$ cat data_24.tsv   # TSV, C-alpha atoms
chain	number	residue	atom	x	y	z
B	2	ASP	CA	0.00	0.00	0.00
B	3	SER	CA	1.68	3.16	-1.27
B	4	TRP	CA	-0.99	5.34	0.38
B	5	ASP	CA	-1.15	6.65	3.93
B	6	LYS	CA	-4.03	7.11	6.34
B	7	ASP	CA	-2.94	10.67	7.12
B	8	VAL	CA	-4.13	11.81	3.69
B	9	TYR	CA	-6.66	9.01	3.09
B	10	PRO	CA	-8.27	8.50	6.50
B	11	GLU	CA	-10.28	5.37	7.10
B	12	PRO	CA	-12.09	4.30	10.28
B	13	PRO	CA	-11.15	0.84	11.57
B	14	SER	CA	-13.52	-1.90	10.47
B	15	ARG	CA	-15.86	-3.37	13.09
B	16	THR	CA	-16.99	-6.70	11.77
B	17	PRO	CA	-19.22	-8.91	13.95
B	18	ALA	CA	-18.41	-12.50	14.78
B	19	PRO	CA	-20.49	-15.14	12.95
B	20	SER	CA	-23.34	-16.59	15.02
B	21	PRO	CA	-24.96	-19.25	12.79
B	22	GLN	CA	-28.31	-20.26	14.27
B	23	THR	CA	-29.13	-22.63	11.41
B	24	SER	CA	-27.57	-26.06	10.99
B	25	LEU	CA	-27.21	-25.63	7.23
B	26	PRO	CA	-23.64	-25.21	5.93
B	27	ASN	CA	-22.67	-21.81	4.58
B	28	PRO	CA	-22.03	-21.97	0.81
B	29	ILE	CA	-20.31	-18.59	1.06
B	30	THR	CA	-17.75	-20.03	3.49
B	31	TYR	CA	-17.30	-23.12	1.30
B	32	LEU	CA	-16.83	-21.00	-1.83
B	33	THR	CA	-14.44	-18.58	-0.13
B	34	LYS	CA	-12.27	-21.45	1.14
B	35	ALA	CA	-12.26	-23.09	-2.30
B	36	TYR	CA	-11.61	-19.72	-3.97
B	37	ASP	CA	-8.66	-19.07	-1.67
B	38	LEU	CA	-7.14	-22.52	-2.24
B	39	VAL	CA	-7.64	-22.39	-6.01
B	40	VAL	CA	-7.07	-18.73	-6.98
B	41	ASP	CA	-5.44	-16.79	-4.15
B	42	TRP	CA	-2.53	-19.18	-3.55
B	43	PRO	CA	-1.13	-19.25	-7.15
B	44	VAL	CA	-1.71	-15.51	-7.53
B	45	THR	CA	0.19	-14.72	-4.35
B	46	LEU	CA	2.91	-17.17	-5.43
B	47	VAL	CA	3.46	-15.44	-8.78
B	48	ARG	CA	3.25	-12.04	-7.08
B	49	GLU	CA	5.93	-13.08	-4.59
B	50	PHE	CA	8.07	-14.21	-7.52
B	51	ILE	CA	7.56	-10.83	-9.21
B	52	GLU	CA	8.40	-9.00	-5.97
B	53	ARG	CA	11.61	-10.97	-5.50
B	54	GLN	CA	12.57	-10.20	-9.10
B	55	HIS	CA	12.01	-6.51	-8.38
B	56	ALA	CA	14.13	-6.86	-5.24
B	57	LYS	CA	16.87	-8.35	-7.42
B	58	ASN	CA	16.49	-5.36	-9.77
B	59	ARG	CA	15.57	-2.53	-7.39
B	60	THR	CA	15.62	1.09	-8.55
B	61	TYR	CA	14.58	4.36	-6.91
B	62	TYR	CA	12.89	7.54	-8.08
B	63	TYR	CA	12.42	10.87	-6.35
B	64	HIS	CA	9.72	13.53	-6.08
B	65	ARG	CA	10.83	16.82	-7.60
B	66	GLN	CA	10.67	19.92	-5.41
B	67	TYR	CA	10.70	23.50	-6.68
B	68	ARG	CA	12.12	26.40	-4.71
B	69	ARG	CA	9.89	29.42	-4.23
B	70	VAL	CA	10.65	32.01	-6.91
B	71	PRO	CA	9.58	35.60	-6.06
B	72	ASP	CA	5.84	36.16	-6.29
B	73	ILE	CA	4.21	38.28	-9.00
B	74	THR	CA	3.45	40.97	-6.40
B	75	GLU	CA	7.13	41.97	-6.37
B	76	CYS	CA	7.47	41.59	-10.16
B	77	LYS	CA	7.61	44.87	-12.07
B	78	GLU	CA	5.10	45.16	-14.90
B	79	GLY	CA	6.63	44.69	-18.32
B	80	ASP	CA	9.50	42.61	-16.89
B	81	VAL	CA	8.60	39.38	-18.67
B	82	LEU	CA	11.37	37.31	-17.05
B	83	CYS	CA	10.18	37.46	-13.44
B	84	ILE	CA	6.59	37.63	-14.71
B	85	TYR	CA	7.16	34.35	-16.56
B	86	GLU	CA	8.70	32.74	-13.48
B	87	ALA	CA	5.81	33.85	-11.27
B	88	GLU	CA	3.25	32.75	-13.86
B	89	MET	CA	4.79	29.28	-14.08
B	90	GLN	CA	4.82	29.05	-10.28
B	91	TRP	CA	1.15	30.10	-10.20
B	92	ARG	CA	0.21	27.46	-12.79
B	93	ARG	CA	2.07	24.85	-10.74
B	94	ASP	CA	0.17	25.85	-7.60
B	95	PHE	CA	-3.08	25.84	-9.60
B	96	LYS	CA	-2.48	22.22	-10.63
B	97	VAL	CA	-1.62	21.31	-7.03
B	98	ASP	CA	-4.87	22.92	-5.87
B	99	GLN	CA	-6.81	20.94	-8.51
B	100	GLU	CA	-5.36	17.73	-7.12
B	101	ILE	CA	-6.10	18.89	-3.55
B	102	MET	CA	-9.75	19.33	-4.54
B	103	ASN	CA	-9.68	15.86	-6.12
B	104	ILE	CA	-8.32	14.42	-2.85
B	105	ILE	CA	-11.04	16.12	-0.78
B	106	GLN	CA	-13.82	14.99	-3.13
B	107	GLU	CA	-12.51	11.41	-3.13
B	108	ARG	CA	-12.40	11.48	0.67
B	109	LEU	CA	-16.01	12.71	0.78
B	110	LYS	CA	-17.14	9.97	-1.61
B	111	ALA	CA	-15.37	7.35	0.51
B	112	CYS	CA	-17.11	8.70	3.62
B	113	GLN	CA	-20.51	8.52	1.91
B	114	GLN	CA	-19.99	4.96	0.70
B	115	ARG	CA	-18.63	3.81	4.07
B	116	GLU	CA	-21.48	5.28	6.11
B	117	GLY	CA	-24.27	4.37	3.71
B	118	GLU	CA	-27.53	4.98	5.56
B	119	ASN	CA	-25.87	7.23	8.16
B	120	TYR	CA	-24.10	9.62	5.78
B	121	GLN	CA	-26.31	12.56	6.75
B	122	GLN	CA	-24.88	12.41	10.28
B	123	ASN	CA	-21.50	10.65	10.19
B	124	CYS	CA	-20.02	12.63	7.27
B	125	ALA	CA	-20.50	16.01	8.93
B	126	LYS	CA	-16.78	16.76	9.24
B	127	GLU	CA	-16.02	15.53	5.72
B	128	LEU	CA	-18.79	17.73	4.32
B	129	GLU	CA	-17.55	20.66	6.41
B	130	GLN	CA	-14.02	20.18	5.06
B	131	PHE	CA	-15.39	19.95	1.51
B	132	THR	CA	-17.46	23.12	2.00
B	133	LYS	CA	-14.54	25.09	3.46
B	134	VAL	CA	-12.09	24.05	0.75
B	135	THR	CA	-14.75	24.74	-1.91
B	136	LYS	CA	-15.30	28.24	-0.51
B	137	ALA	CA	-11.55	28.91	-0.46
B	138	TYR	CA	-11.18	27.57	-4.01
B	139	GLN	CA	-14.03	29.79	-5.19
B	140	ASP	CA	-12.42	32.77	-3.47
B	141	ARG	CA	-9.06	32.20	-5.13
B	142	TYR	CA	-9.81	30.69	-8.57
B	143	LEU	CA	-13.44	31.19	-9.64
B	144	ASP	CA	-14.53	33.32	-12.62
B	145	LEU	CA	-10.97	33.83	-13.85
B	146	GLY	CA	-11.77	32.65	-17.37
B	147	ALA	CA	-10.04	30.41	-19.87
B	148	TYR	CA	-6.96	32.66	-19.86
B	149	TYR	CA	-6.49	32.40	-16.11
B	150	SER	CA	-3.20	33.76	-14.84
B	151	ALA	CA	-1.40	35.08	-11.78
B	152	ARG	CA	-2.24	38.64	-12.85
B	153	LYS	CA	-5.96	37.85	-13.06
B	154	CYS	CA	-5.89	36.00	-9.73
B	155	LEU	CA	-4.13	38.98	-8.13
B	156	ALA	CA	-6.66	41.41	-9.61
B	157	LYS	CA	-9.55	39.30	-8.31
B	158	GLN	CA	-7.97	39.09	-4.85
B	159	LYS	CA	-7.39	42.86	-4.81
B	160	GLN	CA	-11.02	43.50	-5.79
B	161	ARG	CA	-12.28	41.11	-3.10
B	162	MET	CA	-10.05	42.67	-0.43
B	163	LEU	CA	-11.20	46.15	-1.46
B	164	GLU	CA	-14.84	45.08	-1.13
B	165	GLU	CA	-14.13	43.51	2.27
B	166	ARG	CA	-12.30	46.64	3.46
B	167	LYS	CA	-15.14	48.89	2.28
B	168	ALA	CA	-17.64	46.66	4.08
B	169	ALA	CA	-15.43	46.84	7.19
B	170	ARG	CA	-15.68	50.65	7.14
B	171	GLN	CA	-19.25	50.36	8.43
A	81	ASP	CA	17.41	16.83	-21.32
A	82	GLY	CA	15.03	17.92	-18.57
A	83	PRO	CA	12.78	20.87	-17.72
A	84	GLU	CA	15.54	23.36	-16.85
A	85	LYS	CA	16.75	23.43	-20.47
A	86	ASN	CA	13.34	24.45	-21.81
A	87	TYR	CA	12.81	26.86	-18.89
A	88	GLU	CA	16.06	28.75	-19.44
A	89	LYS	CA	15.66	28.69	-23.23
A	90	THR	CA	12.25	30.30	-22.75
A	91	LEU	CA	13.85	32.90	-20.49
A	92	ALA	CA	16.46	33.72	-23.15
A	93	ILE	CA	13.77	33.96	-25.86
A	94	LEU	CA	11.62	36.25	-23.71
A	95	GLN	CA	14.59	38.52	-22.96
A	96	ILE	CA	15.40	38.77	-26.68
A	97	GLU	CA	11.81	39.54	-27.65
A	98	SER	CA	11.31	42.12	-24.89
A	99	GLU	CA	14.53	43.89	-25.90
A	100	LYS	CA	13.39	43.88	-29.53
A	101	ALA	CA	10.00	45.35	-28.58
A	102	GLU	CA	11.60	48.12	-26.53
A	103	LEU	CA	14.02	48.86	-29.38
A	104	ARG	CA	11.18	49.09	-31.91
A	105	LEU	CA	9.21	51.51	-29.72
A	106	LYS	CA	12.33	53.61	-29.17
A	107	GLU	CA	12.99	53.61	-32.93
A	108	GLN	CA	9.47	54.89	-33.57
A	109	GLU	CA	9.97	57.69	-31.05
A	110	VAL	CA	13.38	58.57	-32.53
A	111	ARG	CA	11.99	58.72	-36.07
A	112	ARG	CA	9.06	60.87	-34.93
A	113	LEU	CA	11.32	63.33	-33.09
A	114	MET	CA	13.79	63.61	-35.97
A	115	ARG	CA	11.04	64.11	-38.55
A	116	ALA	CA	9.40	66.76	-36.35
A	117	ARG	CA	12.64	68.67	-35.64
A	118	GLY	CA	15.44	67.35	-37.83
A	119	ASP	CA	18.62	67.61	-35.81
A	120	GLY	CA	19.98	64.07	-35.96
A	121	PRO	CA	21.47	62.14	-38.87
A	122	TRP	CA	18.09	61.22	-40.35
A	123	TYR	CA	15.62	63.35	-42.33
A	124	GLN	CA	18.28	65.89	-43.31
A	125	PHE	CA	16.58	67.59	-46.24
A	126	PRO	CA	18.93	69.17	-48.82
A	127	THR	CA	20.21	72.74	-49.12
A	128	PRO	CA	21.90	74.62	-52.00
A	129	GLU	CA	25.63	74.04	-52.11
A	130	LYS	CA	27.79	76.68	-50.44
A	131	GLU	CA	30.91	76.04	-52.52
A	132	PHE	CA	29.34	77.30	-55.77
A	133	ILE	CA	29.11	80.95	-54.69
A	134	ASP	CA	31.35	83.63	-56.16
A	135	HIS	CA	33.42	85.50	-53.58
A	136	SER	CA	35.76	87.21	-56.05
A	137	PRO	CA	35.49	90.99	-56.47
A	138	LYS	CA	32.93	91.93	-59.09
A	139	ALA	CA	32.00	94.84	-61.34
A	140	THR	CA	29.52	96.38	-58.93
A	141	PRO	CA	31.05	97.08	-55.49
A	142	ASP	CA	27.68	96.84	-53.70
A	143	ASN	CA	27.56	93.06	-53.39

$ encode --input "data_24.tsv" --output "structure tokens"
Amino acid sequence: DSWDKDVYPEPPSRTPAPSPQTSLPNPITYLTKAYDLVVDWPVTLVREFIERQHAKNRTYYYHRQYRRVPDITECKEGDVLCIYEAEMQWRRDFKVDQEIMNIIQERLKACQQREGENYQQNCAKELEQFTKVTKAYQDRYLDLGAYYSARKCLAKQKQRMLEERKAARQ
Amino acid sequence: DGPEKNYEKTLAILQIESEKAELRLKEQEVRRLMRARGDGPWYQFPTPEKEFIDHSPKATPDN
């Protein structure tokens, strides 16, 4: 499992013990035992062989990290070099925010499927997280247009802060 | 070769194009100023030649 429960939380399963009142045999138990002995054993054998071959030929890869270039707020207008660097950084952060929204939505869907009939009560914190991140995403990225850019995002943020400051006057 | 090659090539291209744009705007301003008040090398309209004027003494002294 390459994933972690810090970013994909999952409550621990609570399965009940079997309490068979009837004297009839369980065909599900018979079929699961037969299915294990017929299918799961050769599959785990060939997977162990593949894993030991990978251990024989083990390689590593890394996750690239970008240093923080100066923001567009300190870039002079008409200076296309620093403007280009800030625009590329903004597009990178935009893609990261898209994947953050994907993570939150997937977490919410997992909560809904796990709870089932109790999703209106037990997914309150997941829905709250989804609502808060949706509101923040709408505040930073909505209505930018097809030609979205760091300049347009900055102009939208300046307009929103001006409206908030004018509302805070009274 | 990796992303840094394309990144720095794009930086060089942008620097070249921005310098060319600034030079073209400056050239337009230079041409406009010289045409308005010709005092540089360009737009120097001609003038009758000074070396083809008689300075020798003549028949009439009032010259």

$ interface_residues --input "data_24.tsv" --of "chain A" --to "chain B" --cutoff "8 Å" --atoms "all atoms listed in the file" --output "ChimeraX atom specification"
/A:91,94-95,98

$ axis_aligned_box --input "data_24.tsv" --around "range 126-129 of chain B" --padding-each-side "6 Å" --output "JSON"
{"center_x": -17.4, "center_y": 18.1, "center_z": 6.8, "size_x": 14.8, "size_y": 17.1, "size_z": 16.9}

$ closest_residue --input "data_24.tsv" --among "B:45, B:139, B:171, B:90" --to "residue 87 in chain A" --atoms "all atoms listed in the file"
B:90

$ atom_distance --input "data_24.tsv" --atom1 "CA of residue 138 in chain B" --atom2 "CA of residue 94 in chain B"
12.0 Å

$ atom_distance --input "data_24.tsv" --atom1 "CA of residue 5 in chain B" --atom2 "CA of residue 123 in chain B"
21.7 Å

$ closest_residue --input "data_24.tsv" --among "B:15, B:141, B:108, B:115" --to "residue 127 in chain B" --atoms "all atoms listed in the file"
B:108

$ atom_distance --input "data_24.tsv" --atom1 "CA of residue 75 in chain B" --atom2 "CA of residue 103 in chain A"
25.0 Å

$ residues_around --input "data_24.tsv" --residues "residue 155 in chain B" --least-positions-apart "3" --cutoff "9 Å" --atoms "only C-alpha atoms" --output "compact mmCIF listing (two decimals) with C-alpha atoms, keeping the file's coordinate frame"
# COMPACT_ATOMS: atom_id res chain seq x y z
CA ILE B 73 4.21 38.28 -9.00
CA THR B 74 3.45 40.97 -6.40
CA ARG B 141 -9.06 32.20 -5.13
CA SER B 150 -3.20 33.76 -14.84
CA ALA B 151 -1.40 35.08 -11.78
CA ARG B 152 -2.24 38.64 -12.85
CA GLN B 158 -7.97 39.09 -4.85
CA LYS B 159 -7.39 42.86 -4.81
CA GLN B 160 -11.02 43.50 -5.79

$ build_atoms --input "data_24.tsv" --residues "range 105-121 of chain A" --atoms "N, CA, C and O atoms" --output "PDB file, in the coordinates of the input"
ATOM      1  N   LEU A 105       9.921  50.327 -30.219  1.00  0.00           N
ATOM      2  CA  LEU A 105       9.210  51.510 -29.720  1.00  0.00           C
ATOM      3  C   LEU A 105      10.135  52.721 -29.661  1.00  0.00           C
ATOM      4  O   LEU A 105       9.740  53.839 -30.033  1.00  0.00           O
ATOM      5  N   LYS A 106      11.374  52.517 -29.205  1.00  0.00           N
ATOM      6  CA  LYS A 106      12.330  53.610 -29.170  1.00  0.00           C
ATOM      7  C   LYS A 106      12.666  54.109 -30.570  1.00  0.00           C
ATOM      8  O   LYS A 106      12.842  55.314 -30.767  1.00  0.00           O
ATOM      9  N   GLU A 107      12.731  53.206 -31.551  1.00  0.00           N
ATOM     10  CA  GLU A 107      12.990  53.610 -32.930  1.00  0.00           C
ATOM     11  C   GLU A 107      11.851  54.452 -33.477  1.00  0.00           C
ATOM     12  O   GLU A 107      12.088  55.433 -34.195  1.00  0.00           O
ATOM     13  N   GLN A 108      10.609  54.078 -33.156  1.00  0.00           N
ATOM     14  CA  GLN A 108       9.470  54.890 -33.570  1.00  0.00           C
ATOM     15  C   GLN A 108       9.528  56.285 -32.971  1.00  0.00           C
ATOM     16  O   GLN A 108       9.294  57.281 -33.669  1.00  0.00           O
ATOM     17  N   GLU A 109       9.869  56.378 -31.683  1.00  0.00           N
ATOM     18  CA  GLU A 109       9.970  57.690 -31.050  1.00  0.00           C
ATOM     19  C   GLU A 109      11.105  58.518 -31.642  1.00  0.00           C
ATOM     20  O   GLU A 109      10.958  59.732 -31.839  1.00  0.00           O
ATOM     21  N   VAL A 110      12.239  57.876 -31.943  1.00  0.00           N
ATOM     22  CA  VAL A 110      13.380  58.570 -32.530  1.00  0.00           C
ATOM     23  C   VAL A 110      13.031  59.120 -33.906  1.00  0.00           C
ATOM     24  O   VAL A 110      13.331  60.277 -34.231  1.00  0.00           O
ATOM     25  N   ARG A 111      12.387  58.290 -34.732  1.00  0.00           N
ATOM     26  CA  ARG A 111      11.990  58.720 -36.070  1.00  0.00           C
ATOM     27  C   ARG A 111      10.997  59.870 -36.003  1.00  0.00           C
ATOM     28  O   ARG A 111      11.106  60.835 -36.769  1.00  0.00           O
ATOM     29  N   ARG A 112      10.036  59.796 -35.077  1.00  0.00           N
ATOM     30  CA  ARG A 112       9.060  60.870 -34.930  1.00  0.00           C
ATOM     31  C   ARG A 112       9.724  62.177 -34.515  1.00  0.00           C
ATOM     32  O   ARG A 112       9.424  63.240 -35.073  1.00  0.00           O
ATOM     33  N   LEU A 113      10.648  62.115 -33.551  1.00  0.00           N
ATOM     34  CA  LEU A 113      11.320  63.330 -33.090  1.00  0.00           C
ATOM     35  C   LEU A 113      12.204  63.933 -34.172  1.00  0.00           C
ATOM     36  O   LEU A 113      12.238  65.158 -34.338  1.00  0.00           O
ATOM     37  N   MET A 114      12.926  63.094 -34.918  1.00  0.00           N
ATOM     38  CA  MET A 114      13.790  63.610 -35.970  1.00  0.00           C
ATOM     39  C   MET A 114      12.989  64.205 -37.119  1.00  0.00           C
ATOM     40  O   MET A 114      13.365  65.249 -37.664  1.00  0.00           O
ATOM     41  N   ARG A 115      11.884  63.560 -37.502  1.00  0.00           N
ATOM     42  CA  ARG A 115      11.040  64.110 -38.550  1.00  0.00           C
ATOM     43  C   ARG A 115      10.389  65.418 -38.115  1.00  0.00           C
ATOM     44  O   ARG A 115      10.244  66.336 -38.930  1.00  0.00           O
ATOM     45  N   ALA A 116       9.998  65.521 -36.842  1.00  0.00           N
ATOM     46  CA  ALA A 116       9.400  66.760 -36.350  1.00  0.00           C
ATOM     47  C   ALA A 116      10.419  67.893 -36.322  1.00  0.00           C
ATOM     48  O   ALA A 116      10.163  68.981 -36.847  1.00  0.00           O
ATOM     49  N   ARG A 117      11.586  67.658 -35.723  1.00  0.00           N
ATOM     50  CA  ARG A 117      12.640  68.670 -35.640  1.00  0.00           C
ATOM     51  C   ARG A 117      13.946  67.996 -36.037  1.00  0.00           C
ATOM     52  O   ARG A 117      14.668  67.472 -35.185  1.00  0.00           O
ATOM     53  N   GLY A 118      14.240  67.998 -37.334  1.00  0.00           N
ATOM     54  CA  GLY A 118      15.440  67.350 -37.830  1.00  0.00           C
ATOM     55  C   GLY A 118      16.715  67.951 -37.289  1.00  0.00           C
ATOM     56  O   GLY A 118      17.142  69.030 -37.699  1.00  0.00           O
ATOM     57  N   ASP A 119      17.332  67.230 -36.359  1.00  0.00           N
ATOM     58  CA  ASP A 119      18.620  67.610 -35.810  1.00  0.00           C
ATOM     59  C   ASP A 119      19.547  66.425 -35.626  1.00  0.00           C
ATOM     60  O   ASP A 119      20.675  66.613 -35.162  1.00  0.00           O
ATOM     61  N   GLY A 120      19.113  65.217 -35.964  1.00  0.00           N
ATOM     62  CA  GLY A 120      19.980  64.070 -35.960  1.00  0.00           C
ATOM     63  C   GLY A 120      20.441  63.737 -37.358  1.00  0.00           C
ATOM     64  O   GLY A 120      20.289  64.535 -38.286  1.00  0.00           O
ATOM     65  N   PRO A 121      21.044  62.560 -37.529  1.00  0.00           N
ATOM     66  CA  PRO A 121      21.470  62.140 -38.870  1.00  0.00           C
ATOM     67  C   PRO A 121      20.331  61.988 -39.867  1.00  0.00           C
ATOM     68  O   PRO A 121      20.528  62.244 -41.060  1.00  0.00           O
TER      69      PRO A 121
END
